[PDB]
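Notes follow once the structure below has been shown.
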Amino acid sequence: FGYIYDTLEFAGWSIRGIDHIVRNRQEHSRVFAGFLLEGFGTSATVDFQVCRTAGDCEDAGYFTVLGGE
Amino acid sequence: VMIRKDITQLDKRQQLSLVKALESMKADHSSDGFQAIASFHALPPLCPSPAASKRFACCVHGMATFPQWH
Ligand code: CUO
């Protein structure tokens with residue numbers, strides 16, 4: 001589809017820069033939560049928090065899904 | 001390929017470097033230093049010689065050479 005973008009970059013990082021940076025990101029330990037998205041009804045947003053056994057809980061983060069009937 | 005970009009486009013990190021660099025440049029005691037560099041364009045006038053009685057400002061202004069000098 002003859003169309004192009006003026007620039008292909010993400011937040012000032014060169015494509016080469018991006019690849020190099022990503023490897024570095026791996027360098028440190030990271031923990032993730034995995035969500036299996038089953039499919040929602042109407043669009044909804046989800047918020048999740050991690051709670052300690054003690055009962056403290058911190059807002060983990062959020063993501064949303066677009067949908068309709 | 002050092003790249004010159006619009007000042008607005010610049011990243012915080014990019015900005016970070018410039019701010020620090022210039023600040024350090026300001027400090028630079030060397031002839032390469034900022035204060036010394038500034039003298040190139042105008043006063044103190046360096047043109048005839050760094051030490052000459054009459055000194056003129058380094059402006060190849062009003063001349064074809066002008067863009068090259070700048
Ligand atoms: O300064 Cu001599 O030119 Cu803009």
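Data table
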| read-out | value |
| --- | --- |
| Calculated on alpha-carbon atoms, Rg and Dmax of the protein assembly as shown in Å | 28.1, 87 |
| B:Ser53-A:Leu36 pseudo-label distance in nm [points 7 Å out on the Cα-to-Cβ vector] | 9.4 |
| Gained length - A:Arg23 relative to A:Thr53, 0.36 nm times residue gap less alpha-carbon distance | 7.4 nm |
| Principal-axis tilt of helix A:15-26 within chain A, Cα atoms, nearest 10 degrees | 30 |
| Cross-link reach list, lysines versus B:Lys20, counting only Cα pairs under 19 Å and skipping chain neighbours closer than eight places | B:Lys5, B:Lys12 |
| Average silhouette area of segment B:7-56, convex hull of alpha-carbon atoms, in square nanometres | 4.4 |
| Rh (Kirkwood; distinct C-alpha pairs) - chain A, Å | 16.5 |
| Computed [θ] at 222 nm, deg cm²/dmol, chain A (DSSP H ≥ 4; -39,500 (n - 2.57); rounded to nearest 500) | -5500 deg cm²/dmol |
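The numbers here are math on the coordinates, done by the rules we state, and not lab data. With ideal geometry, Cβ positions are generated from the backbone for all residues, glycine too; neighbour counts draw on all protein chains shown.
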